[PDB]
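So this first bit is one chain, no partners, the form solved without the partner chain, shown in structure tokens.
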């Protein structure tokens, strides 16, 4: 019943920062008398209970066996680059292609996210990102995990993309 969200993107673009900001404003306690202490934390976004995972590619995760499993399990993907990191934007296509290959699907719920939009150093223009998202047929939004600009909108939009996909 839960929606399975996966955050992907290059090291250091802000995947964890965004996900922490999302959890901070969306966690709730849920009464469940079948578990120890009778209460569990859940994340609820736009009325849906959501599971959250970050696909990390660096540090300990460089040696991981789990990359394809994250892509098979996830139902929708936040594809994150940073607006001050041209290489992170160039990396997006590979992430999208891998997800499509692993899921063997042309239609995978996805949102393109340009994070760190609070920073004054910009090397990825809004138009470059919007043209890429239009080619993919997916939404594009700029976010800042520092100021919270766009964070809720990015996750809410992904939940709606997954809801339309589930039909």
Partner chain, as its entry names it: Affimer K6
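Positions refer to the first chain, counted from 1.
Per the PDB record, of the two stretches 12 to 20 and 145 to 153, 145 to 153 carries the greater mean B-factor over its C-alpha atoms. Comparing 123 to 131 with 37 to 45, the higher mean C-alpha B-factor in the PDB entry belongs to 37 to 45. Considering 63, 140, 136, 70 together, the PDB entry gives 63 the largest C-alpha B factor. Ranked by Cα temperature factor within the chain, residue 53 sits in the lowest third according to the deposited record. Among all modelled residues in its chain, residue 112 ranks in the lowest third by Cα B-factor.
The protein also exists as the form solved in complex with the partner chain; that form is not presented, and the subsequent description refers to it.
If you take 24 to 53 and check each residue for a heavy atom within 4.5 Å of the partner chain in the bound PDB entry, you get 31, 35, 36, 37, 38, 53, in sequence order.
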